[PDB]
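Structure, as structure tokens:
Chain A is the first sequence line, chain B the second, and so forth, proteins listed ahead of strands; every chain is numbered from 1. Basis for what follows: all heavy atoms, side chains included, without hydrogens, waters or symmetry-related copies.
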Amino acid sequence: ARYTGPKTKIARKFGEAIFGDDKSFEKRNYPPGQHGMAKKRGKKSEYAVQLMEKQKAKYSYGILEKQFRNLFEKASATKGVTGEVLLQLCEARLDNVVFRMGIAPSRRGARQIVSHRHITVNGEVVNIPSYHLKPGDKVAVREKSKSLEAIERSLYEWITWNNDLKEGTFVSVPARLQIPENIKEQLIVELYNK
Amino acid sequence: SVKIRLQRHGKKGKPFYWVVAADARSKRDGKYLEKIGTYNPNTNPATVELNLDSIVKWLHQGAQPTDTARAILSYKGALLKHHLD
Amino acid sequence: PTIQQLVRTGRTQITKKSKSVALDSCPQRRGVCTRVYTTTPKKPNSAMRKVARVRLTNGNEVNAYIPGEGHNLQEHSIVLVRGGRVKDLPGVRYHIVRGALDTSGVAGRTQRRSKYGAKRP
Amino acid sequence: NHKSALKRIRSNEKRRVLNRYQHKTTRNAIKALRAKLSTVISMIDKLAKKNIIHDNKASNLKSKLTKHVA
RNA sequence: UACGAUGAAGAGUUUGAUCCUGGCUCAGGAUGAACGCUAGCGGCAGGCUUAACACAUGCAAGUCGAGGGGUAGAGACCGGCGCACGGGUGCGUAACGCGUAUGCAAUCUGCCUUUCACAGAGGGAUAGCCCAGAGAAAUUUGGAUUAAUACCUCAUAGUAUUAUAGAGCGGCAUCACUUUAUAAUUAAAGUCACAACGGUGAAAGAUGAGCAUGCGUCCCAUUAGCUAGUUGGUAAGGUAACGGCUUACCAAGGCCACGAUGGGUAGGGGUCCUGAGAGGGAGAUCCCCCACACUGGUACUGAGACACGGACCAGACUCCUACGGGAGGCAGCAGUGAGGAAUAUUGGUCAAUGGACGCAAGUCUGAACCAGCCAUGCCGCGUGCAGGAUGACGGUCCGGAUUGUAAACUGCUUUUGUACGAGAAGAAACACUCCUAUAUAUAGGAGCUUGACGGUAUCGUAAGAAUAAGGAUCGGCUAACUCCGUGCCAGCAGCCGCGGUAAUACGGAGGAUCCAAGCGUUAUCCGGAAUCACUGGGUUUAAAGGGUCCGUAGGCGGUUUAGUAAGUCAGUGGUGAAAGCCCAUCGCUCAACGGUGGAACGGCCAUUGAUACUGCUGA
């Protein structure tokens, strides 16, 4: 399933615009609710800190707790940095790459364009948002819905995107020092090892 | 009579057979003697992985192939090689 | 202690006696009630808790506690015991599922509807 | 019962009468024989041929017979 | 400043307050799960854990006319093969039953493969049919009788068997393999002609089936003696085969504290869950071994059974009866009654694979492949995406804040749902007519060929955000707070514990948190529990030194030196099935799933080395 709800609320309950720094991030930036607008609780537990740091990443991309735990224990099979490979495989998702390529300016629109047979991956059309893009994939756009109204309206360090043929040539898997995200993976690892 | 037959081991809808020599009094996909080859009729060429080093050995020891077994061992060899005395 | 003593007689592992024993290790058990009455807690609580003497299908006489408010529970009714003791009534070590075969649910309940067997309004 | 089931109870009787005949005919001889020794060996070998007496056991009997007649 | 190892969290609660020991509970994972609330699909997997309780009805093992007489117009019978496979259950069994490693010089082996020697003459019967019956039926009794690849005589045949007599080789004791004479004894089958299929004997191989052995095989010592064919031997009967397996005789032996015997429970393993690991808990589904077929016993046929859908006898149930007598066994598939908290269609097809029969065509196959039901579990998707003001309405404060870009409204997409049009793979073959070579063995190519699923998967076309979100929690543990009503009442509760009239703990409303087609409770397990501690605890005062010595079995061993190499270490060969977990890589649009490879299987047997440490022998 998906969230399918207010995104400004999710941005306010975390204090960080993860769906685009735009309207409503200011103008009562404090968390929502009749008791969040007032002086919140001062003492915040480390469990609350770790849980919210996990939920920030779980909400930014649109992953459920089940799939997030599956991906975490999948990435934990790598002998390297567990949080690093976790974030790498979370960024390697198809909808995330489509969102980073400029199309679908939000991930909520990425996981509505990728789930409509509007985008192709290495030839055959792949309409699975959770598709794991391995380094060295070729993402194109279906010629039927190539000249749409929203695609051209909406149109990184590792994505080589070409606007003439809707290219993007996903290669050179990025690292934590390159992926811009305000999340701490060590806290997520400690929470899942709790 | 030890026979050379096929064991189904694929998934529902897409079969995948093991060409294996086994006794006739055993279940289809259960006990066997020695795996010989492999048959995949999921592509147009109908891929096979026959082992002519043991196929002719079992045929000399007294194996008895079935219709599909002797049709797979036909266009992969070891039959025109088992005939040569 | 000594390795020779351990080789002779090793460490004795206990069996970890269970909690709910008179239900034959089943999640729920059907039963028929014989006496529905009210009892008092120990201390310092003060109430009138509703309990029923239930005879399970395996020939076991237990005391079950009726949760919530509103029920029929006549002198003979088919109930479904599930388990879970209470720290107020000495002897009552089981609970009755609300919403079972013959027992009633609850009316006017809107918060905890999965429990107490209440339909969605 | 089956059609094949109501054929073995009928054929095995015709087999068993002959088997019992040929078995007792030589059992009485090997009993009241303990020289006409070269007359029960033929019957023992015929039983072994008919698979009644298991040529292994038949040879056991043949060896045990001509060992005390000496 | 390298190597490998990707791995280890706590909290509440005894007291006015502190520390320590110590018990209880919670935070996590999992399931043949059940119950309550809720509910849109697809792929795959699973589905009587209880009464091995009783079964109505349908199907589940038949085939060969190229063995025979061949009848009506096929059926039935003799004969060959199969029915000992496949399928189901876990009653019983504490044991060579099972796992593991070997041995058989104490073994057998239909069908299958490869060689050698042959398939010569004869005869009497009897099925089926005919003539009469005795019986309600089941079923059965007389007469004469025609065939066989049915049966039975003689001759023939050995690297066949037995006995006597010579030998060689070779041991691991009993003795083993081969060869030579002599004597005795044991076979056949033909389908009118060809093709094609057959038959007998001997040897070898493969496969299958047995016996024995070393090791590991639950609890109770509030079970200390057990065994009388029992222990060993001498001769017979035997079984495929050694053997007290059985009998006759002689002796009194054999097991037992390193647990006999007795009682309770239980099919065993590969494996599944959990755990950092060592360990702990179970033995569904997949595979291997064992036991059973209403409860018990016995034997025949057969290579193979003491036989699920074969026979006989006895017992308890159900049915028929003319009262004399008879027929039965869903622990096979689908189903019924009962029991239970709880587990499904009286479905389709042999189209693929396997099995039986047949030269083949072909027949049967509730094995098997599909389909229906159950959110039971795993995986994936959706219930829209962008812009848009602080709008009504609610809860709250004394006009403000809250739900809130949330809404109304403005543009876009149909994944999914409906309608229409196209549309698969799973199918490789078998059998018959054509030329080639060699030899009756193999090989190529041709088309009318061969789909239950199924017009199923999949693709395209046209309206339309339309066809789709709920459950738990909010005092601490633990993520989330305000008001109204009740006033120790109603009630809540995993622990501390809350409610006696200003309840963040009860019921309702608003808001908030988590999960999500699922959410909670219960029941059974592992972790936390270092809370049975080898890893990894203690005994002055928290539970814990025997009242004290002697001493049996047992446990431990001062220094040096010589020998062996039992423990220990290293190498090699065999094995440690497949499946399953992990790693890597490919195909289902990803995943689940499937294919391939490696690692692992910590173990065991044989052999070759090292001798530092332990054991043995000597000084």
Please check, using ring centres under 5.5 Å and planes under 30°, whether the bases of [M] and [N] stack on one another.
{"N": "E:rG426", "M": "E:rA427", "value": "no"}
{"N": "E:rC483", "M": "E:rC484", "value": "yes"}
{"N": "E:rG404", "M": "E:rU405", "value": "no"}
{"N": "E:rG7", "M": "E:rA8", "value": "no"}
{"N": "E:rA228", "M": "E:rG229", "value": "no"}

Between [options], which nucleotide has the shortest distance from any of its atoms to the side chain of [X]?
{"X": "C:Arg109", "options": "E:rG507, E:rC496, E:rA240", "result": "E:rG507"}
{"X": "B:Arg5", "options": "E:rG355, E:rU403, E:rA578", "result": "E:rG355"}
{"X": "C:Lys119", "options": "E:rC37, E:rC515, E:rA493", "result": "E:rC37"}
{"X": "A:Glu65", "options": "E:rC495, E:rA516, E:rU589", "result": "E:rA516"}
{"X": "A:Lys9", "options": "E:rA512, E:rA61, E:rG507", "result": "E:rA512"}
{"X": "D:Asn1", "options": "E:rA443, E:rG328, E:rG411", "result": "E:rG328"}
{"X": "C:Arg85", "options": "E:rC37, E:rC495, E:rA341", "result": "E:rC495"}

Worksheet entry | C1'-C2'-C3'-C4' based pucker assignment for E:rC290 | north
Discussion item. As a test of reading torsions: judging only by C1'-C2'-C3'-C4', is the sugar of E:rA61 on the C3'-endo (north) or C2'-endo (south) side?
Written reply: south
How should the glycosidic conformation of [N] be described, syn or anti, under the criterion that syn lies within 90° of 0?
{"N": "E:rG244", "result": "syn"}
{"N": "E:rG324", "result": "syn"}
{"N": "E:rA463", "result": "syn"}
{"N": "E:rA163", "result": "anti"}
{"N": "E:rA465", "result": "anti"}

Worksheet item: Between C:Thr12 and B:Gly13, which has a closest nucleotide on RNA chain E that is more 5'?
Response: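 Counting from the 5' end, the first nearest nucleotide belongs to B:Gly13.
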Worksheet item: Starting at the 5' end of RNA chain E and moving along, which residue's nearest nucleotide shows up first, A:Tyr192 or C:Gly10?
Response: A:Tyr192
Is it the case that [N] (base atoms only) and [X] (side chain only) share a donor and an acceptor within less than 3.5 Å, ignoring hydrogens and angles?
{"X": "C:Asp88", "N": "E:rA493", "value": "yes"}
{"X": "C:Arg11", "N": "E:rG537", "value": "yes"}
{"X": "A:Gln34", "N": "E:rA401", "value": "no"}

Discussion item. I'd like to check the side-chain contact (heavy atoms from CB on, under 4.5 Å) partners of C:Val86; sequence neighbours left out, ordered by chain and number.
Written reply: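 C:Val86 satisfies side-chain contact (heavy atoms from CB on, under 4.5 Å) with C:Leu89, C:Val92, C:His95 once adjacent residues are dropped.
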Identify each atom pair where a protein N or O and an N or O of nucleotides 209-212 of chain E are less than 3.5 Å apart, giving names and distance.
none

Worksheet, complete the sentence: Closest non-hydrogen contact found for A:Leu89 with A:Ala75 is CD1-CB, 3.8 Å
Worksheet entry | Which atom of C:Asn60 lies closest to which atom of C:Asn58, heavy atoms considered |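 Scanning both residues completely, I find the closest heavy atoms to be ND2-OD1, 2.8 Å.
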Under the rule for side chain to side chain donor-acceptor pair (under 3.5 Å), what residues qualify as partners of [X], not counting sequence neighbours?
{"X": "A:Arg107", "answer": "A:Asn96"}
{"X": "A:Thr4", "answer": "A:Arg2"}
{"X": "A:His118", "answer": "A:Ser145"}
{"X": "A:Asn70", "answer": "none"}

Counting any heavy atom closer than 4.0 Å, what does [X] reach on the DNA or RNA strands: base, sugar-phosphate only, or nothing?
{"X": "B:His9", "result": "sugar-phosphate"}
{"X": "A:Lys74", "result": "nothing"}
{"X": "A:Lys144", "result": "sugar-phosphate"}
{"X": "A:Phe99", "result": "nothing"}
{"X": "B:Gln7", "result": "nothing"}
{"X": "C:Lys19", "result": "sugar-phosphate"}
{"X": "D:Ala70", "result": "nothing"}

Assigned partner base of [N], Watson-Crick or wobble definition, under 3.5 Å:
{"N": "E:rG99", "value": "E:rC215"}
{"N": "E:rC381", "value": "E:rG40"}
{"N": "E:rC129", "value": "none"}
{"N": "E:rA8", "value": "none"}

Item to complete: Fit a plane to each ring of A:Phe68 and A:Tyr192, take the angle between them on a 0 to 90° scale, and name the class: parallel (under 30°), tilted (30 to 60°) or perpendicular (over 60°).
Response: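 Ring orientation of A:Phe68 relative to A:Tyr192: tilted.
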Worksheet item: Parallel, tilted or perpendicular for B:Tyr32 and B:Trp18, by the 30°/60° rule?
Response: perpendicular
Would you say [X] places a side-chain N or O within less than 4.0 Å of OP1 or OP2 belonging to [N]?
{"X": "A:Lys13", "N": "E:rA480", "answer": "no"}
{"X": "C:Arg98", "N": "E:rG36", "answer": "no"}
{"X": "A:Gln55", "N": "E:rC514", "answer": "yes"}

Practice prompt. Report yes or no: do C:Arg29 and C:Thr57 form a side-chain donor-acceptor pair below 3.5 Å?
Written response: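 The answer is yes; a qualifying pair exists.
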Discussion item. Under a plain distance cut-off of 3.5 Å, with no hydrogens placed, do B:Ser1 and B:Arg25 share a side-chain donor-acceptor pair?
Written reply: no
Sugar-phosphate or base contact per nucleotide [[range]; S, B, -; heavy atom under 4.0 Å]:
{"range": "nucleotides 379-392 of chain E", "result": "SSSBBBSSSS-B--"}
{"range": "nucleotides 148-153 of chain E", "result": "---SSS"}
{"range": "nucleotides 272-278 of chain E", "result": "-------"}

Practice prompt. Check whether more than 12 heavy atoms from other residues, nucleotides or ligands sit under 6.0 Å from atom CZ of C:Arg93, and answer yes or no.
Written response: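 Atom CZ in C:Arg93 is not crowded, with 12 or fewer foreign heavy atoms closer than 6.0 Å.
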Discussion item. I'd like to know if A:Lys56 pairs up with A:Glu53 as an ion pair, taking the criterion as any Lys NZ or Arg NE/NH1/NH2 lying under 4.0 Å from an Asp or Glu carboxylate oxygen.
Written reply: yes
Worksheet item: Should A:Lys194 and A:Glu190 count as an ion pair when the cut-off is N to O under 4.0 Å?
Response: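 Salt bridge: no.
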Protein-nucleotides 485-490 of chain E N/O pairs under 3.5 Å:
unit_1  : atom_1 : unit_2  : atom_2 : d
E:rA490 : OP2    : C:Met48 : N      : 3.2

Fill in: Counterpart residues, ring-ring contact (aromatic ring centres under 6.0 Å, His included), relative to D:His23 (two or more places apart)
none
Fill in: Candidate list A:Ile103, A:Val98, A:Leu155, A:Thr120, test side chain to side chain contact (heavy atoms under 4.5 Å, CB included), partner A:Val141, passing option
A:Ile103
Item to complete: Quick one: pull up CG in B:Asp29 and CG in B:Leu6 and give me the separation to the nearest 0.5 Å.
Response: 12.0 Å
What protein N or O atoms touch nucleotides 45-51 of chain E N or O atoms at under 3.5 angstrom, if any, and at what distances?
none

